[PDB]
>>> print(open('model.txt').read())   # compact mmCIF, N, CA and C atoms
# COMPACT_ATOMS: atom_id res chain seq x y z
N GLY Q 1 -6.91 -44.21 54.61
CA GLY Q 1 -7.88 -43.14 54.73
C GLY Q 1 -8.66 -43.20 56.03
N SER Q 2 -9.76 -43.95 56.03
CA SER Q 2 -10.59 -44.08 57.21
C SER Q 2 -10.18 -45.30 58.03
N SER Q 3 -9.53 -45.05 59.16
CA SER Q 3 -9.08 -46.12 60.04
C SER Q 3 -8.56 -45.57 61.36
N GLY Q 4 -8.59 -46.40 62.40
CA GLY Q 4 -8.12 -45.97 63.71
C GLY Q 4 -8.80 -44.70 64.17
N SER Q 5 -8.12 -43.96 65.06
CA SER Q 5 -8.66 -42.72 65.59
C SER Q 5 -8.15 -41.52 64.79
N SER Q 6 -8.99 -41.00 63.91
CA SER Q 6 -8.63 -39.86 63.08
C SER Q 6 -9.81 -39.38 62.25
N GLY Q 7 -9.85 -38.09 61.96
CA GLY Q 7 -10.93 -37.53 61.18
C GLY Q 7 -10.97 -38.08 59.76
N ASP Q 8 -11.10 -37.19 58.79
CA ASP Q 8 -11.15 -37.60 57.39
C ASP Q 8 -9.89 -37.16 56.65
N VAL Q 9 -8.75 -37.30 57.31
CA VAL Q 9 -7.47 -36.92 56.71
C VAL Q 9 -6.99 -37.97 55.71
N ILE Q 10 -6.80 -37.55 54.47
CA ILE Q 10 -6.35 -38.45 53.42
C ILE Q 10 -4.84 -38.31 53.19
N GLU Q 11 -4.14 -39.44 53.20
CA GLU Q 11 -2.70 -39.45 52.99
C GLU Q 11 -2.36 -39.62 51.51
N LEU Q 12 -1.64 -38.66 50.95
CA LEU Q 12 -1.25 -38.71 49.55
C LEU Q 12 0.26 -38.76 49.40
N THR Q 13 0.73 -39.36 48.31
CA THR Q 13 2.16 -39.47 48.06
C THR Q 13 2.62 -38.43 47.05
N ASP Q 14 3.89 -38.50 46.67
CA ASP Q 14 4.46 -37.56 45.71
C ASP Q 14 4.08 -37.96 44.28
N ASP Q 15 3.46 -39.12 44.14
CA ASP Q 15 3.05 -39.61 42.83
C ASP Q 15 1.53 -39.60 42.70
N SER Q 16 0.85 -40.24 43.65
CA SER Q 16 -0.60 -40.31 43.64
C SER Q 16 -1.21 -38.92 43.82
N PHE Q 17 -0.53 -38.07 44.58
CA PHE Q 17 -1.01 -36.72 44.84
C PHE Q 17 -1.58 -36.10 43.57
N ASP Q 18 -0.93 -36.35 42.44
CA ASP Q 18 -1.37 -35.82 41.16
C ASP Q 18 -2.48 -36.69 40.57
N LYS Q 19 -2.45 -37.97 40.89
CA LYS Q 19 -3.45 -38.91 40.39
C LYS Q 19 -4.73 -38.84 41.23
N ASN Q 20 -4.67 -38.11 42.33
CA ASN Q 20 -5.82 -37.96 43.21
C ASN Q 20 -6.45 -36.57 43.06
N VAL Q 21 -5.60 -35.55 42.95
CA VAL Q 21 -6.07 -34.18 42.80
C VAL Q 21 -6.36 -33.86 41.34
N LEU Q 22 -5.31 -33.86 40.52
CA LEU Q 22 -5.46 -33.57 39.10
C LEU Q 22 -6.46 -34.52 38.44
N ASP Q 23 -6.54 -35.74 38.98
CA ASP Q 23 -7.46 -36.74 38.45
C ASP Q 23 -8.87 -36.53 38.99
N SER Q 24 -9.07 -35.41 39.69
CA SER Q 24 -10.37 -35.09 40.26
C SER Q 24 -10.71 -33.62 40.05
N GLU Q 25 -11.98 -33.36 39.73
CA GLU Q 25 -12.43 -31.99 39.49
C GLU Q 25 -12.98 -31.37 40.78
N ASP Q 26 -12.38 -31.74 41.90
CA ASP Q 26 -12.81 -31.22 43.20
C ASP Q 26 -11.65 -30.54 43.92
N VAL Q 27 -11.98 -29.65 44.85
CA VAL Q 27 -10.96 -28.93 45.62
C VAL Q 27 -10.25 -29.86 46.60
N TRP Q 28 -8.93 -29.90 46.51
CA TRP Q 28 -8.13 -30.75 47.39
C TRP Q 28 -7.19 -29.91 48.25
N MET Q 29 -7.46 -29.87 49.55
CA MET Q 29 -6.64 -29.11 50.48
C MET Q 29 -5.44 -29.92 50.94
N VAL Q 30 -4.28 -29.66 50.33
CA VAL Q 30 -3.06 -30.36 50.68
C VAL Q 30 -2.31 -29.64 51.79
N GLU Q 31 -2.13 -30.33 52.91
CA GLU Q 31 -1.42 -29.76 54.06
C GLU Q 31 -0.17 -30.57 54.38
N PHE Q 32 0.98 -29.90 54.36
CA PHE Q 32 2.25 -30.55 54.65
C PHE Q 32 2.65 -30.34 56.11
N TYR Q 33 2.92 -31.43 56.81
CA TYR Q 33 3.31 -31.37 58.21
C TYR Q 33 4.58 -32.18 58.46
N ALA Q 34 5.19 -31.96 59.62
CA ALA Q 34 6.41 -32.67 59.99
C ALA Q 34 6.21 -33.48 61.26
N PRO Q 35 6.64 -34.75 61.23
CA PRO Q 35 6.52 -35.65 62.38
C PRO Q 35 7.45 -35.26 63.52
N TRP Q 36 8.25 -34.22 63.30
CA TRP Q 36 9.18 -33.75 64.32
C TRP Q 36 8.97 -32.26 64.60
N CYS Q 37 7.77 -31.77 64.31
CA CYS Q 37 7.44 -30.37 64.54
C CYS Q 37 6.21 -30.24 65.42
N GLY Q 38 6.27 -29.32 66.39
CA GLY Q 38 5.15 -29.11 67.29
C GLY Q 38 4.02 -28.35 66.63
N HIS Q 39 4.32 -27.17 66.10
CA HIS Q 39 3.32 -26.34 65.45
C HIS Q 39 2.37 -27.20 64.61
N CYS Q 40 2.86 -28.36 64.18
CA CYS Q 40 2.06 -29.27 63.37
C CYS Q 40 1.26 -30.23 64.24
N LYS Q 41 1.94 -30.83 65.22
CA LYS Q 41 1.29 -31.77 66.13
C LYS Q 41 0.02 -31.17 66.72
N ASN Q 42 0.02 -29.85 66.91
CA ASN Q 42 -1.13 -29.16 67.46
C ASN Q 42 -2.24 -29.02 66.42
N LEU Q 43 -1.85 -29.07 65.15
CA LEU Q 43 -2.81 -28.94 64.06
C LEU Q 43 -3.34 -30.31 63.64
N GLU Q 44 -2.56 -31.35 63.92
CA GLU Q 44 -2.95 -32.71 63.57
C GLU Q 44 -4.46 -32.90 63.73
N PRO Q 45 -4.96 -32.68 64.96
CA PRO Q 45 -6.38 -32.82 65.27
C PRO Q 45 -7.23 -31.72 64.62
N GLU Q 46 -6.69 -30.51 64.60
CA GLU Q 46 -7.39 -29.37 64.01
C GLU Q 46 -7.75 -29.65 62.55
N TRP Q 47 -6.85 -30.33 61.85
CA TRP Q 47 -7.07 -30.65 60.44
C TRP Q 47 -8.06 -31.80 60.30
N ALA Q 48 -7.90 -32.82 61.14
CA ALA Q 48 -8.79 -33.98 61.11
C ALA Q 48 -10.25 -33.56 61.21
N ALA Q 49 -10.57 -32.82 62.26
CA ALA Q 49 -11.94 -32.34 62.47
C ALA Q 49 -12.41 -31.48 61.31
N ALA Q 50 -11.61 -30.48 60.96
CA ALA Q 50 -11.94 -29.58 59.86
C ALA Q 50 -12.35 -30.36 58.62
N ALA Q 51 -11.55 -31.36 58.26
CA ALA Q 51 -11.83 -32.19 57.09
C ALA Q 51 -13.29 -32.62 57.07
N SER Q 52 -13.79 -33.08 58.21
CA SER Q 52 -15.17 -33.53 58.32
C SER Q 52 -16.14 -32.36 58.20
N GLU Q 53 -15.88 -31.31 58.98
CA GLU Q 53 -16.72 -30.12 58.97
C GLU Q 53 -16.74 -29.48 57.59
N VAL Q 54 -15.69 -29.72 56.81
CA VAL Q 54 -15.58 -29.16 55.47
C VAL Q 54 -16.23 -30.08 54.44
N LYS Q 55 -15.98 -31.38 54.57
CA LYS Q 55 -16.54 -32.37 53.66
C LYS Q 55 -18.06 -32.41 53.78
N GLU Q 56 -18.56 -32.24 55.00
CA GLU Q 56 -20.00 -32.26 55.24
C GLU Q 56 -20.65 -30.96 54.77
N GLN Q 57 -19.92 -29.86 54.90
CA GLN Q 57 -20.42 -28.56 54.50
C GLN Q 57 -20.30 -28.37 52.99
N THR Q 58 -19.27 -28.98 52.40
CA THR Q 58 -19.04 -28.88 50.97
C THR Q 58 -19.62 -30.08 50.24
N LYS Q 59 -20.22 -31.00 50.99
CA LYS Q 59 -20.82 -32.19 50.41
C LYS Q 59 -19.77 -33.04 49.71
N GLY Q 60 -18.53 -32.94 50.17
CA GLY Q 60 -17.45 -33.71 49.57
C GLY Q 60 -16.67 -32.91 48.55
N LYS Q 61 -17.27 -31.83 48.07
CA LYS Q 61 -16.63 -30.97 47.07
C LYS Q 61 -15.21 -30.60 47.51
N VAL Q 62 -15.10 -29.99 48.69
CA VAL Q 62 -13.81 -29.58 49.22
C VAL Q 62 -13.26 -30.63 50.18
N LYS Q 63 -12.30 -31.42 49.70
CA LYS Q 63 -11.69 -32.46 50.51
C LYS Q 63 -10.40 -31.96 51.15
N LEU Q 64 -10.01 -32.59 52.25
CA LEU Q 64 -8.79 -32.21 52.96
C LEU Q 64 -7.84 -33.40 53.09
N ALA Q 65 -6.58 -33.18 52.71
CA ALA Q 65 -5.57 -34.23 52.78
C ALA Q 65 -4.30 -33.73 53.45
N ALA Q 66 -3.43 -34.66 53.82
CA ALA Q 66 -2.17 -34.30 54.47
C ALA Q 66 -0.99 -35.01 53.81
N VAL Q 67 0.16 -34.35 53.82
CA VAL Q 67 1.37 -34.91 53.22
C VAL Q 67 2.58 -34.70 54.12
N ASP Q 68 3.56 -35.59 54.00
CA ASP Q 68 4.77 -35.50 54.80
C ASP Q 68 5.92 -34.92 53.98
N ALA Q 69 6.17 -33.63 54.15
CA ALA Q 69 7.24 -32.96 53.42
C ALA Q 69 8.57 -33.68 53.61
N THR Q 70 8.63 -34.55 54.61
CA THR Q 70 9.84 -35.31 54.90
C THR Q 70 10.03 -36.45 53.91
N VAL Q 71 8.92 -36.95 53.37
CA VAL Q 71 8.97 -38.03 52.40
C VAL Q 71 8.65 -37.53 51.00
N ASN Q 72 7.85 -36.47 50.92
CA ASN Q 72 7.47 -35.89 49.64
C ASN Q 72 8.44 -34.79 49.23
N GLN Q 73 9.22 -35.05 48.18
CA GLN Q 73 10.18 -34.07 47.69
C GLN Q 73 9.73 -33.48 46.36
N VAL Q 74 9.15 -34.32 45.50
CA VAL Q 74 8.67 -33.87 44.20
C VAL Q 74 7.73 -32.68 44.34
N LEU Q 75 6.76 -32.79 45.23
CA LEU Q 75 5.80 -31.72 45.46
C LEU Q 75 6.42 -30.59 46.27
N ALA Q 76 6.94 -30.93 47.45
CA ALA Q 76 7.57 -29.95 48.32
C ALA Q 76 8.47 -29.01 47.52
N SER Q 77 9.22 -29.57 46.58
CA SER Q 77 10.13 -28.78 45.75
C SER Q 77 9.35 -27.99 44.70
N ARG Q 78 8.34 -28.63 44.12
CA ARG Q 78 7.52 -27.99 43.09
C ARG Q 78 7.14 -26.57 43.52
N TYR Q 79 6.60 -26.45 44.73
CA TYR Q 79 6.19 -25.15 45.25
C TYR Q 79 7.18 -24.64 46.29
N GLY Q 80 7.93 -25.56 46.88
CA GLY Q 80 8.91 -25.19 47.89
C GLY Q 80 8.32 -25.15 49.28
N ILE Q 81 8.19 -26.33 49.90
CA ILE Q 81 7.63 -26.42 51.24
C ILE Q 81 8.73 -26.69 52.27
N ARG Q 82 9.10 -25.66 53.02
CA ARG Q 82 10.13 -25.78 54.03
C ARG Q 82 9.61 -25.33 55.40
N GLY Q 83 8.53 -24.56 55.39
CA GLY Q 83 7.95 -24.08 56.63
C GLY Q 83 6.60 -24.71 56.92
N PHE Q 84 6.60 -25.77 57.71
CA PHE Q 84 5.37 -26.47 58.07
C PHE Q 84 4.84 -25.98 59.41
N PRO Q 85 3.52 -26.10 59.60
CA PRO Q 85 2.62 -26.67 58.59
C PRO Q 85 2.46 -25.76 57.38
N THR Q 86 2.11 -26.35 56.24
CA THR Q 86 1.92 -25.59 55.01
C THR Q 86 0.64 -26.00 54.30
N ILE Q 87 -0.40 -25.18 54.44
CA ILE Q 87 -1.68 -25.46 53.81
C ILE Q 87 -1.75 -24.84 52.41
N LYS Q 88 -2.04 -25.67 51.42
CA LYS Q 88 -2.14 -25.21 50.04
C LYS Q 88 -3.41 -25.74 49.38
N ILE Q 89 -4.09 -24.88 48.63
CA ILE Q 89 -5.31 -25.26 47.94
C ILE Q 89 -5.08 -25.41 46.44
N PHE Q 90 -5.77 -26.37 45.83
CA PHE Q 90 -5.64 -26.61 44.40
C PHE Q 90 -7.02 -26.71 43.74
N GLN Q 91 -7.22 -25.91 42.70
CA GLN Q 91 -8.49 -25.90 41.98
C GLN Q 91 -8.28 -26.22 40.50
N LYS Q 92 -8.77 -27.37 40.08
CA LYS Q 92 -8.64 -27.80 38.69
C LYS Q 92 -9.09 -26.69 37.74
N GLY Q 93 -8.14 -26.15 36.97
CA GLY Q 93 -8.46 -25.09 36.03
C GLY Q 93 -7.65 -23.84 36.28
N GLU Q 94 -7.58 -23.41 37.53
CA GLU Q 94 -6.84 -22.21 37.90
C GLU Q 94 -5.66 -22.56 38.81
N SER Q 95 -4.69 -21.66 38.87
CA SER Q 95 -3.51 -21.87 39.71
C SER Q 95 -3.90 -22.00 41.18
N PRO Q 96 -3.14 -22.82 41.92
CA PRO Q 96 -3.39 -23.05 43.35
C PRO Q 96 -3.06 -21.82 44.19
N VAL Q 97 -3.65 -21.75 45.39
CA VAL Q 97 -3.41 -20.64 46.29
C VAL Q 97 -2.69 -21.09 47.55
N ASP Q 98 -2.12 -20.13 48.28
CA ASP Q 98 -1.40 -20.43 49.51
C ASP Q 98 -2.19 -19.98 50.73
N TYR Q 99 -2.62 -20.94 51.54
CA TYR Q 99 -3.40 -20.64 52.74
C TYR Q 99 -2.48 -20.20 53.87
N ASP Q 100 -2.74 -19.00 54.40
CA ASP Q 100 -1.94 -18.46 55.49
C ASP Q 100 -2.83 -17.75 56.51
N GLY Q 101 -3.01 -18.37 57.67
CA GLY Q 101 -3.84 -17.78 58.71
C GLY Q 101 -4.10 -18.74 59.85
N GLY Q 102 -5.27 -18.61 60.47
CA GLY Q 102 -5.63 -19.47 61.58
C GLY Q 102 -5.37 -20.94 61.28
N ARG Q 103 -4.75 -21.64 62.23
CA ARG Q 103 -4.45 -23.05 62.06
C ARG Q 103 -5.42 -23.92 62.86
N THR Q 104 -6.66 -23.46 62.97
CA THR Q 104 -7.68 -24.19 63.70
C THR Q 104 -8.87 -24.52 62.81
N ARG Q 105 -9.34 -25.76 62.90
CA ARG Q 105 -10.48 -26.21 62.10
C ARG Q 105 -11.48 -25.07 61.90
N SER Q 106 -11.66 -24.26 62.93
CA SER Q 106 -12.59 -23.14 62.87
C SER Q 106 -12.29 -22.25 61.66
N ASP Q 107 -11.02 -21.87 61.52
CA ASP Q 107 -10.60 -21.02 60.41
C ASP Q 107 -10.45 -21.84 59.13
N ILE Q 108 -9.70 -22.93 59.22
CA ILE Q 108 -9.47 -23.79 58.07
C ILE Q 108 -10.77 -24.08 57.33
N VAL Q 109 -11.82 -24.39 58.09
CA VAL Q 109 -13.12 -24.69 57.51
C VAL Q 109 -13.76 -23.44 56.91
N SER Q 110 -13.72 -22.34 57.67
CA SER Q 110 -14.30 -21.08 57.21
C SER Q 110 -13.86 -20.78 55.78
N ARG Q 111 -12.59 -21.00 55.49
CA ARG Q 111 -12.05 -20.75 54.16
C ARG Q 111 -12.63 -21.73 53.14
N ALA Q 112 -12.45 -23.02 53.41
CA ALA Q 112 -12.96 -24.06 52.52
C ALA Q 112 -14.34 -23.69 51.97
N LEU Q 113 -15.16 -23.09 52.82
CA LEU Q 113 -16.50 -22.68 52.43
C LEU Q 113 -16.45 -21.57 51.39
N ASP Q 114 -15.62 -20.57 51.64
CA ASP Q 114 -15.48 -19.44 50.72
C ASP Q 114 -15.21 -19.93 49.30
N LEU Q 115 -14.64 -21.12 49.19
CA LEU Q 115 -14.34 -21.70 47.88
C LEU Q 115 -15.47 -22.61 47.41
N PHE Q 116 -15.95 -23.46 48.31
CA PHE Q 116 -17.03 -24.38 47.99
C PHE Q 116 -18.01 -23.74 47.01
N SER Q 117 -18.46 -22.54 47.33
CA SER Q 117 -19.41 -21.82 46.48
C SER Q 117 -18.82 -21.59 45.09
N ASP Q 118 -17.57 -21.15 45.05
CA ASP Q 118 -16.89 -20.89 43.78
C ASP Q 118 -17.06 -22.07 42.83
N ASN Q 119 -16.63 -23.25 43.27
CA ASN Q 119 -16.73 -24.45 42.45
C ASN Q 119 -18.12 -25.08 42.57
N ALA Q 120 -18.39 -25.69 43.72
CA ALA Q 120 -19.67 -26.32 43.97
C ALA Q 120 -20.80 -25.30 43.97
N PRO Q 121 -21.95 -25.67 43.38
CA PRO Q 121 -23.12 -24.80 43.30
C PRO Q 121 -23.78 -24.59 44.66
N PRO Q 122 -24.38 -23.41 44.85
CA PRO Q 122 -25.06 -23.06 46.10
C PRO Q 122 -26.34 -23.86 46.31
N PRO Q 123 -26.90 -23.78 47.53
CA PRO Q 123 -28.13 -24.50 47.88
C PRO Q 123 -29.36 -23.91 47.19
N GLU Q 124 -29.61 -24.38 45.97
CA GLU Q 124 -30.75 -23.90 45.19
C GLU Q 124 -30.95 -24.74 43.93
N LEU Q 125 -32.09 -25.41 43.84
CA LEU Q 125 -32.40 -26.25 42.69
C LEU Q 125 -31.81 -25.65 41.41
N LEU Q 126 -31.32 -26.52 40.54
CA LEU Q 126 -30.73 -26.08 39.27
C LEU Q 126 -30.48 -27.27 38.35
N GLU Q 127 -30.85 -27.12 37.08
CA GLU Q 127 -30.66 -28.18 36.10
C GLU Q 127 -29.24 -28.75 36.18
N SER Q 128 -29.10 -30.02 35.82
CA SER Q 128 -27.80 -30.68 35.85
C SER Q 128 -27.02 -30.40 34.57
N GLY Q 129 -27.65 -30.65 33.43
CA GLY Q 129 -26.99 -30.42 32.16
C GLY Q 129 -27.05 -31.63 31.25
N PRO Q 130 -27.32 -31.40 29.96
CA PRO Q 130 -27.41 -32.47 28.96
C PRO Q 130 -26.05 -33.09 28.66
N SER Q 131 -25.79 -34.25 29.26
CA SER Q 131 -24.53 -34.95 29.06
C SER Q 131 -23.35 -34.02 29.33
N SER Q 132 -23.41 -33.29 30.43
CA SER Q 132 -22.35 -32.36 30.80
C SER Q 132 -21.81 -31.64 29.57
N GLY Q 133 -22.71 -31.20 28.70
CA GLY Q 133 -22.31 -30.51 27.49
C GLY Q 133 -23.42 -30.42 26.47
>>> encode(input="model.txt", output="structure tokens")
Amino acid sequence: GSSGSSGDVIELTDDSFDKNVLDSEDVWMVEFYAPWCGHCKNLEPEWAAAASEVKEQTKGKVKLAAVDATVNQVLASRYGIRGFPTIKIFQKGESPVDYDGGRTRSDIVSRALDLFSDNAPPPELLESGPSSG
């Protein structure tokens, strides 16, 4: 996760991916890239930065991760990832969506926010809840 020179990009596998996302009630932005593709190499940094700008803006609610469609087949096949980069969003409870647009932290982040509100509560005092139920 956090090491060397890189933003807050989390590496998930074809097995843990479900144990990290499904096992969490938070938005997980799964992005599939190829180590032999340019369109991705240019996003490498764009995603790293965005992750931080998104995690800080979403207070951790909306996290950003990356996957290697070259090693991940279970997932890639599940939805069918052949055209990288491939940004996909997953929200515990409702079906996941397909992100298609600007490939720059500027845009990537802009979206994450549009969701943050959906799940995570807005900036305004509010009761927590009696034992979450």
>>> residues_around(input="model.txt", residues="residue 69 of chain Q", least_positions_apart="6", cutoff="7 Å", atoms="only C-alpha atoms", output="ChimeraX atom specification")
/Q:32-34,76,81
>>> residues_near_point(input="model.txt", point="(11.0, -35.6, 57.5)", cutoff="10 Å", atoms="only C-alpha atoms", output="PyMOL selection string")
chain Q and resi 33-37+68-73
>>> closest_residue(input="model.txt", among="Q:117, Q:132, Q:91, Q:104", to="residue 24 of chain Q", atoms="all atoms listed in the file")
Q:91
>>> closest_residue(input="model.txt", among="Q:124, Q:17, Q:64, Q:98", to="residue 80 of chain Q", atoms="only C-alpha atoms")
Q:98
>>> select_by_dssp(input="model.txt", residues="segment 11-42 of chain Q", states="strand (DSSP E or B)", output="NGL selection string")
:Q and (11 or 27-33)
>>> closest_residue(input="model.txt", among="Q:77, Q:86, Q:57, Q:2", to="residue 116 of chain Q", atoms="all atoms listed in the file")
Q:57
>>> atom_distance(input="model.txt", atom1="atom C of residue 50 of chain Q", atom2="atom N of residue 120 of chain Q")
16.7 Å
>>> axis_aligned_box(input="model.txt", around="segment 118-128 of chain Q", padding_each_side="4 Å", output="JSON")
{"center_x": -24.5, "center_y": -25.8, "center_z": 41.2, "size_x": 23.8, "size_y": 17.8, "size_z": 21.3}
>>> closest_residue(input="model.txt", among="Q:78, Q:84, Q:20, Q:3", to="residue 38 of chain Q", atoms="only C-alpha atoms")
Q:84
>>> atom_distance(input="model.txt", atom1="atom CA of residue 18 of chain Q", atom2="atom CA of residue 101 of chain Q")
25.3 Å
>>> closest_residue(input="model.txt", among="Q:121, Q:7, Q:93, Q:129", to="residue 44 of chain Q", atoms="all atoms listed in the file")
Q:7
>>> closest_residue(input="model.txt", among="Q:59, Q:105, Q:125, Q:31", to="residue 89 of chain Q", atoms="all atoms listed in the file")
Q:31
>>> atom_distance(input="model.txt", atom1="atom N of residue 108 of chain Q", atom2="atom N of residue 53 of chain Q")
10.4 Å
>>> residues_around(input="model.txt", residues="residue 88 of chain Q", least_positions_apart="3", cutoff="9 Å", atoms="only C-alpha atoms", output="PyMOL selection string")
chain Q and resi 28-32+96-100
>>> write_last_selection(input="model.txt", atoms="N, CA and C atoms", output="mmCIF file, in the frame of the given file")
data_model
loop_
_atom_site.group_PDB
_atom_site.id
_atom_site.type_symbol
_atom_site.label_atom_id
_atom_site.label_comp_id
_atom_site.auth_asym_id
_atom_site.auth_seq_id
_atom_site.Cartn_x
_atom_site.Cartn_y
_atom_site.Cartn_z
ATOM 1 N N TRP Q 28 -8.930 -29.900 46.510
ATOM 2 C CA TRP Q 28 -8.130 -30.750 47.390
ATOM 3 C C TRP Q 28 -7.190 -29.910 48.250
ATOM 4 N N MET Q 29 -7.460 -29.870 49.550
ATOM 5 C CA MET Q 29 -6.640 -29.110 50.480
ATOM 6 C C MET Q 29 -5.440 -29.920 50.940
ATOM 7 N N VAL Q 30 -4.280 -29.660 50.330
ATOM 8 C CA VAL Q 30 -3.060 -30.360 50.680
ATOM 9 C C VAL Q 30 -2.310 -29.640 51.790
ATOM 10 N N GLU Q 31 -2.130 -30.330 52.910
ATOM 11 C CA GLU Q 31 -1.420 -29.760 54.060
ATOM 12 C C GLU Q 31 -0.170 -30.570 54.380
ATOM 13 N N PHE Q 32 0.980 -29.900 54.360
ATOM 14 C CA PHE Q 32 2.250 -30.550 54.650
ATOM 15 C C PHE Q 32 2.650 -30.340 56.110
ATOM 16 N N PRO Q 96 -3.140 -22.820 41.920
ATOM 17 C CA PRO Q 96 -3.390 -23.050 43.350
ATOM 18 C C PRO Q 96 -3.060 -21.820 44.190
ATOM 19 N N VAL Q 97 -3.650 -21.750 45.390
ATOM 20 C CA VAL Q 97 -3.410 -20.640 46.290
ATOM 21 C C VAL Q 97 -2.690 -21.090 47.550
ATOM 22 N N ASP Q 98 -2.120 -20.130 48.280
ATOM 23 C CA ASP Q 98 -1.400 -20.430 49.510
ATOM 24 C C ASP Q 98 -2.190 -19.980 50.730
ATOM 25 N N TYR Q 99 -2.620 -20.940 51.540
ATOM 26 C CA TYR Q 99 -3.400 -20.640 52.740
ATOM 27 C C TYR Q 99 -2.480 -20.200 53.870
ATOM 28 N N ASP Q 100 -2.740 -19.000 54.400
ATOM 29 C CA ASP Q 100 -1.940 -18.460 55.490
ATOM 30 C C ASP Q 100 -2.830 -17.750 56.510
#
>>> build_atoms(input="model.txt", residues="segment 75-86 of chain Q", atoms="N, CA, C and O atoms", output="mmCIF file, keeping the file's coordinate frame")
data_model
loop_
_atom_site.group_PDB
_atom_site.id
_atom_site.type_symbol
_atom_site.label_atom_id
_atom_site.label_comp_id
_atom_site.auth_asym_id
_atom_site.auth_seq_id
_atom_site.Cartn_x
_atom_site.Cartn_y
_atom_site.Cartn_z
ATOM 1 N N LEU Q 75 6.760 -32.790 45.230
ATOM 2 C CA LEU Q 75 5.800 -31.720 45.460
ATOM 3 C C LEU Q 75 6.420 -30.590 46.270
ATOM 4 O O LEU Q 75 6.442 -29.440 45.842
ATOM 5 N N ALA Q 76 6.940 -30.930 47.450
ATOM 6 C CA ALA Q 76 7.570 -29.950 48.320
ATOM 7 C C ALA Q 76 8.470 -29.010 47.520
ATOM 8 O O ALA Q 76 8.482 -27.797 47.755
ATOM 9 N N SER Q 77 9.220 -29.570 46.580
ATOM 10 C CA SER Q 77 10.130 -28.780 45.750
ATOM 11 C C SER Q 77 9.350 -27.990 44.700
ATOM 12 O O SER Q 77 9.658 -26.829 44.429
ATOM 13 N N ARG Q 78 8.340 -28.630 44.120
ATOM 14 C CA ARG Q 78 7.520 -27.990 43.090
ATOM 15 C C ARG Q 78 7.140 -26.570 43.520
ATOM 16 O O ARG Q 78 7.316 -25.616 42.763
ATOM 17 N N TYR Q 79 6.600 -26.450 44.730
ATOM 18 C CA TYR Q 79 6.190 -25.150 45.250
ATOM 19 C C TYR Q 79 7.180 -24.640 46.290
ATOM 20 O O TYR Q 79 7.258 -23.440 46.556
ATOM 21 N N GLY Q 80 7.930 -25.560 46.880
ATOM 22 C CA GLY Q 80 8.910 -25.190 47.890
ATOM 23 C C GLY Q 80 8.320 -25.150 49.280
ATOM 24 O O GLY Q 80 7.990 -24.086 49.799
ATOM 25 N N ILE Q 81 8.190 -26.330 49.900
ATOM 26 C CA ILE Q 81 7.630 -26.420 51.240
ATOM 27 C C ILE Q 81 8.730 -26.690 52.270
ATOM 28 O O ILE Q 81 9.228 -27.811 52.382
ATOM 29 N N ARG Q 82 9.100 -25.660 53.020
ATOM 30 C CA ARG Q 82 10.130 -25.780 54.030
ATOM 31 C C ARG Q 82 9.610 -25.330 55.400
ATOM 32 O O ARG Q 82 10.171 -25.685 56.434
ATOM 33 N N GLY Q 83 8.530 -24.560 55.390
ATOM 34 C CA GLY Q 83 7.950 -24.080 56.630
ATOM 35 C C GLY Q 83 6.600 -24.710 56.920
ATOM 36 O O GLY Q 83 5.571 -24.238 56.431
ATOM 37 N N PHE Q 84 6.600 -25.770 57.710
ATOM 38 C CA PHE Q 84 5.370 -26.470 58.070
ATOM 39 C C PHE Q 84 4.840 -25.980 59.410
ATOM 40 O O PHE Q 84 5.584 -25.499 60.265
ATOM 41 N N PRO Q 85 3.520 -26.100 59.600
ATOM 42 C CA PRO Q 85 2.620 -26.670 58.590
ATOM 43 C C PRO Q 85 2.460 -25.760 57.380
ATOM 44 O O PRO Q 85 2.647 -24.546 57.475
ATOM 45 N N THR Q 86 2.110 -26.350 56.240
ATOM 46 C CA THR Q 86 1.920 -25.590 55.010
ATOM 47 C C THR Q 86 0.640 -26.000 54.300
ATOM 48 O O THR Q 86 0.588 -27.042 53.643
#
